[PDB]
Amino acid sequence: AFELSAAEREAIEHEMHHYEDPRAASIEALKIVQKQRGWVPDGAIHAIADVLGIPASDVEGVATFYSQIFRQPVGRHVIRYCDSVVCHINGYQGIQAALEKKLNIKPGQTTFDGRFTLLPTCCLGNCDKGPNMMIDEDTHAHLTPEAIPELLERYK
Amino acid sequence: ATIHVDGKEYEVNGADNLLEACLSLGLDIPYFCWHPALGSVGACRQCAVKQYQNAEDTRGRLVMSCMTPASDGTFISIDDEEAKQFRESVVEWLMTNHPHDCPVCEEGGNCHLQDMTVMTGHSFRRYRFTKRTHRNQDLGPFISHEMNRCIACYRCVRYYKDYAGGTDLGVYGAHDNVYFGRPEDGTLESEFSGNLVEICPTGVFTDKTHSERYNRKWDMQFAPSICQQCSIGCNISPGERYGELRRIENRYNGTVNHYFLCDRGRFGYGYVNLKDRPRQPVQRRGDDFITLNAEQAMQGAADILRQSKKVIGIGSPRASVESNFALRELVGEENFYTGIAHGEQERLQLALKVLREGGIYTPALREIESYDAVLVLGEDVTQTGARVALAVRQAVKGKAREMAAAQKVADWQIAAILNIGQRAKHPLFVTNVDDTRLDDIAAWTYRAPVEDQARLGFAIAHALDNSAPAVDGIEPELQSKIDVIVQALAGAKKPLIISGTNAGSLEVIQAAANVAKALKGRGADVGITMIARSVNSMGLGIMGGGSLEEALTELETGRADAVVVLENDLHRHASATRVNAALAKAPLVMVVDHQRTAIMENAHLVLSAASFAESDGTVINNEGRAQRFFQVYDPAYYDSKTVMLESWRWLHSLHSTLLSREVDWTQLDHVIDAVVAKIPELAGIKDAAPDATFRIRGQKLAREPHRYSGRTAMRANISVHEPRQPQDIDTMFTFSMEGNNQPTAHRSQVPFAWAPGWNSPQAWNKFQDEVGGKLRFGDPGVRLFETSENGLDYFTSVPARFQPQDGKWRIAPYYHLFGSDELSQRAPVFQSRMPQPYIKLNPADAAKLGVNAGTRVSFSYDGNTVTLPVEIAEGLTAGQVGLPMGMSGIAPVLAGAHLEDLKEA
Amino acid sequence: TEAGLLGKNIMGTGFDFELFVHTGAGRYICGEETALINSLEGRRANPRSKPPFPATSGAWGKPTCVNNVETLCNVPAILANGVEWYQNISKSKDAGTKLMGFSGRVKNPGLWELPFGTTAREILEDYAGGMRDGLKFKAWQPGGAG
Ligand SMILES: Cc1cc2nc3c(=O)[nH]c(=O)nc-3n(C[C@H](O)[C@H](O)[C@H](O)COP(=O)(O)O)c2cc1C
Ligand code: SF4
Ligand code: SF4
Ligand code: SF4
Ligand code: FES
Ligand code: FES
Ligand SMILES: [Ca+2]
């Protein structure tokens, strides 16, 4: 039983104003719903589809194509650690081991309290300051395995 | 254009790509993602050839032949070692994740992926890692889904979305986890979803109705037939095994239905396999039934009919031209009556008069796609003539095709054409009583009663030409929309006007004729299309005869005592109580039919007619084209007690036993010659197919493939002694493997497509002059009438505005693709697809009567009250009530009728 | 936009230009120009076949040009200082400057604006400070993961 809120719908039409075809606001509509709700649930696909005037298959294909549009529930904080080549050279595997030890989860899983979701991600464009990771909207660089338990406690 | 393939020079079309040009030349290039009807996208990379810059080039470069134009002076190599290696590598990459499924996969023996795996010569597996897997979806009763077998060739989504206009199929996910299907479990909503089973080169989408009684393609017995489920005339290949109709494949006709059927034709065949079908002649004595063989039935029926004073006939638009003519010969022309109602007959003859005396060319179904403006008047085309709706969708995409051609973009590069023509389209204006499936692409949809639709048509005709009669009392908003339609139609280089008899109004057809005449008088290249109801409606209209009401009055006054009824459920065209009274009064009722109808309990004699699978004949489509269908199998082969003959064979034998007291059955060509000798307007049905003496170098045409198996064991449970091969004296086809099905054979009737190395539906490439064109020696079927030199006059009988009346509910027809054609409703798989019968109400009318959605209301028609649950329909205007035509209890003759005492139950 | 450099009638010249920011949803293939155009239209970011090029029929079928951030940042210096200034930055076949850098286990990983023709050893040793202590240089990638 999904229903778009007034703020979500108004933001979607304001995104629709910027293009000559309302299909072009599909990614931003999915991101608006994800920012409000943490992820994109099943009824949000049909809601966004009927707002934009495009089929729900198109919205679901867009949502499942892009990795940052979550179609499964996530925790309250999403840790996204870079597993690309420069951070591999700089030692992201120690960071991944420290995160796995602290959270007692595998990548792609959510902690038992629903606090953290661990995700590998492609290169964050911060390779000179690696290894890097992203928590919900913040980038943390120059990561060490010792600073991971201290820095993870800043997000409740 | 001149191309050079492997050192050989060829002349090709320069507007074609290299893949279609080389496949038209007989060369074999493997391919997956290209289809002749869908264009080229270059996804699968299977069609790689080596292109050289010039003749003195040795390095070359690998290109996709589907994405490369066949320009003048092209130099390519197919059998180059690097190109062969890359094509084998593409097959190998597709094979890494492919499941070990061929024995338990319905595509085996008919699989394009199997054929291309063998064609590339890849048979050794060196991949040793894990295979990706997928969960499957439930896609409804017709299509079974198996995503493990997907090769991600994107054919399904391209056909379903870009071609067919469907919205509930798509591609999801990413890199090697691409998933093709619906966003959730549910039935595929497209009326043309059944073409996925031939579009998909693997066993992802399979015919579930076939899967219930599965057999392999080499085990089938095929025949070239015509789909019986509506008036379009799509060519089909019914395939049978062990006495039962197993599958309906599309049979390529470059003029009619080229690659595609609708789901009614593809899946509505299951009535043939019904167990309650009549198998032998049955005569009732008192309250008991006795079974006769054919000779005793002929002798007894001839004796009783000879004792009678006047025998009358009731034909059917279900039945072929030969059987209706044989009925008309048995009872006499003056005593022959068409089985359809008086108003239905008047609309059908008006449509025929417009078609063959209106002076405006009627296009074939393939030709519909070239018109640049479409006006549909009254006809719910998607639910009644669905393939016309598909063709109209292509004609609408013609505008994007034109804008892409202006920018020098090749006509096969479909992605560029879709990108250039973003949402621009040719003008489509549909009118109906409610919303149609064409509304997503229609420039305008007019929801109005049938007289208001006719008034719109007459106003359009008067605004196109002042000589056309005017319509008084047009609202300014409706006048502005009429001006929009008129400006779209006047500036069109090729306007098309579609109407039909399903709308149930004569004035809609007259308005369509007046619009066509007004466009003709301005020098435009206007075409007109009429949509009839049933498979041989136009043939019965050309033959003519009195209406069913005249036959009912003959049987009710008593001056006719014997009635023959051919292939007709009389409750569809008349009220059931009057039919039951006239048949209970009649001292002799004889019914020749292949389905257990409701008038067989009052039938004194019942003859087991053959269905289209077990009969030969000629049917006339709504284009006016005579098309011959052929018998698929002999019903007496497995069950020797089955006496199931052709209807014209029954009626000719009856006429012979009446006259000379001798039983002569007939041959088919004798009946054809009789039709063309007595009826000069049906003289074209002689040339629809060659006669039974036709040979390909002395040998007949085979009905079954070369590797047809089990010939000494399929009847061995009955008797170990093999029976004789069935003999076909009727046609040029043989009921065996001992025949010809070569793609180069000089014929137009092809029972099935097969070529060595091409076991899939892609063998139709080998059966064509060019791929996506016509059959090599012409498509079968001929036009009965040409365009008249002079047109009609303007019809001046403009109907008045619809006024609602209190206590009088005008019935608006709501046709359904699954449910409005009688035999297809009899198919058991259509019961799952069967919509619940809901009576449609306006919100205002339902609020006035105090009924919400889902409540049961009872209405009285013909002195009988029936109850149906309410569905709220916003577009249906007040004073109308919406009823599903052709369903169980709601006859199509009720369309356009009034209704009394609609009360809440 | 407040200063009149964006919007309607820019600098009193009758030129109308509106600039939007479209934030992505995390796929590497969207950086490819035709796949970028498909992603901007709200579709799955599959690339397109060329020809036709985006200059003829690109975003929504209209003429479209896709350019990198650094190219567009190089444009105003060209049009403010002249063509002959940009041609005389370096005596190489590739005119102008370029953001070059070194990453990895180097002493000073970073980014510096250098003319074309600077050798990789000059970036590695003079600017990046060489490798770290106790690390021997094995290999290098010049321009990214690809
Ligand atoms: C897989 C792939 C990813 C790409 N990613 C980017 C990118 O992230 N940023 C970028 O500017 N160009 C990227 N490109 C290059 C573009 O196709 C294109 O050349 C560029 O965006 C604009 O061209 P320009 O360098 O002349 O400005 C990518 C190309 C490919 C094949
Ligand atoms: S789709 Fe073709 S290759 Fe795959 S399992 Fe079925 S028959 Fe075999
Ligand atoms: S489901 Fe069939 S048609 Fe669709 S991409 Fe896969 S193999 Fe091709
Ligand atoms: S459009 Fe009519 S003739 Fe063609 S497949 Fe459908 S029901 Fe049969
Ligand atoms: S490689 Fe990790 S931020 Fe670029
Ligand atoms: S058929 Fe040419 S790449 Fe698929
Ligand atoms: Ca026969």
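The figures here come from the full heavy-atom set of this structure, side chains too, leaving out hydrogens, waters and symmetry mates. First the proteins, then the strands, lettered A, B, ... as listed; each starts at 1.
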Shortest non-hydrogen contact from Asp673(B) toward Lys686(B):
OD1-NZ, 2.9 Å
Which residues satisfy the side chain to side chain contact (heavy atoms under 4.5 Å, CB included) test with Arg401(B), sequence neighbours excluded?
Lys397(B), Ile417(B)
Side chain to side chain contact (heavy atoms under 4.5 Å, CB included) partners of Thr557(B), counting only residues at least two apart:
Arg559(B)
side-chain hydrogen bond (donor to acceptor under 3.5 Å, both in side chains) with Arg628(B): which residues, sequence neighbours excluded?
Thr618(B)
Does either side chain, that of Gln345(B) or that of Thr338(B), offer a donor lying less than 3.5 Å from an acceptor on the other one?
yes
Under 3.5 Å, is there a donor-acceptor pair linking the side chains of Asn257(B) and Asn250(B)?
yes
Work out which heavy atom in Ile368(B) is nearest to a heavy atom in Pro363(B); give both atom names and the distance.
CG1-CG, 4.3 Å
Quick one: list whatever passes side chain to side chain contact (heavy atoms under 4.5 Å, CB included) with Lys494(B), sequence neighbours left out.
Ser370(B), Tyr371(B), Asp372(B), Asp525(B)
Heavy-atom pair with the smallest gap, counting every atom of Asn235(B) and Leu261(B)
O-CD2, 4.0 Å
N/O donor-acceptor pairs under 3.5 Å from side chains in residues 619-626 of chain B, not counting sequence neighbours:
unit_1: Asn621(B); atom_1: OD1; unit_2: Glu623(B); atom_2: N; d: 3.3
unit_1: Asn621(B); atom_1: OD1; unit_2: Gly624(B); atom_2: N; d: 3.2
unit_1: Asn621(B); atom_1: OD1; unit_2: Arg625(B); atom_2: N; d: 2.7
unit_1: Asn621(B); atom_1: ND2; unit_2: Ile232(B); atom_2: O; d: 3.1
unit_1: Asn621(B); atom_1: ND2; unit_2: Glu623(B); atom_2: OE1; d: 3.4
unit_1: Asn622(B); atom_1: OD1; unit_2: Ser231(B); atom_2: OG; d: 2.6
unit_1: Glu623(B); atom_1: OE1; unit_2: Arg625(B); atom_2: NE; d: 3.1
unit_1: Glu623(B); atom_1: OE1; unit_2: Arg625(B); atom_2: NH2; d: 3.4
unit_1: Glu623(B); atom_1: OE2; unit_2: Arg625(B); atom_2: NH2; d: 2.4
unit_1: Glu623(B); atom_1: OE2; unit_2: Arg783(B); atom_2: NH1; d: 2.4
unit_1: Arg625(B); atom_1: NH1; unit_2: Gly781(B); atom_2: O; d: 3.2

Applying salt bridge (charged side-chain N to carboxylate O under 4.0 Å, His left out), which residue pairs with at least one partner in residues 529-547 of chain B are found, sequence neighbours left out?
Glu344(B)-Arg533(B)
Can you give each donor-acceptor pair under 3.5 Å made by side-chain atoms of residues 784-791 of chain B, sequence neighbours left out, with the distance rounded to 0.1 Å?
unit_1: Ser788(B); atom_1: OG; unit_2: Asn790(B); atom_2: N; d: 3.3
unit_1: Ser788(B); atom_1: OG; unit_2: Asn790(B); atom_2: O; d: 2.7

Sequence-distant partners of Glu346(B), side-chain hydrogen bond (donor to acceptor under 3.5 Å, both in side chains), two or more places apart
none
Check side-chain hydrogen bond (donor to acceptor under 3.5 Å, both in side chains) between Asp616(B) and all other residues, then give those that pass, not counting sequence neighbours.
none
What closest approach, in Å, do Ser820(B) and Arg572(B) show between heavy atoms, and which atom pair accounts for it?
O-NH2, 2.9 Å
Show me the pairs that pass side-chain hydrogen bond (donor to acceptor under 3.5 Å, both in side chains) and involve residues 538-548 of chain B, at least two apart or across chains.
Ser547(B)-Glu550(B)
Ignoring hydrogens and angles, tell me if any N or O in the side chain of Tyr815(B) forms a donor-acceptor pair with the backbone of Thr382(B) under 3.5 Å.
no
Under 30°, 30 to 60°, or over 60°: which ring-plane class applies to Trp444(B) and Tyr446(B), parallel, tilted or perpendicular?
parallel
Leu352(B) side chain reached by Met538(B) side chain, heavy atoms, under 4.5 Å:
yes
Can you name the side-chain hydrogen bond (donor to acceptor under 3.5 Å, both in side chains) partners of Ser537(B), sequence neighbours left out?
none
Partner set under side chain to side chain contact (heavy atoms under 4.5 Å, CB included) for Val515(B), not counting sequence neighbours
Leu375(B), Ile460(B), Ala461(B), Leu464(B), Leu489(B), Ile497(B), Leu519(B)
Check for a donor-acceptor pair, side chain of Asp691(B) on one end and backbone N or O of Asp669(B) on the other, with a separation under 3.5 Å.
no
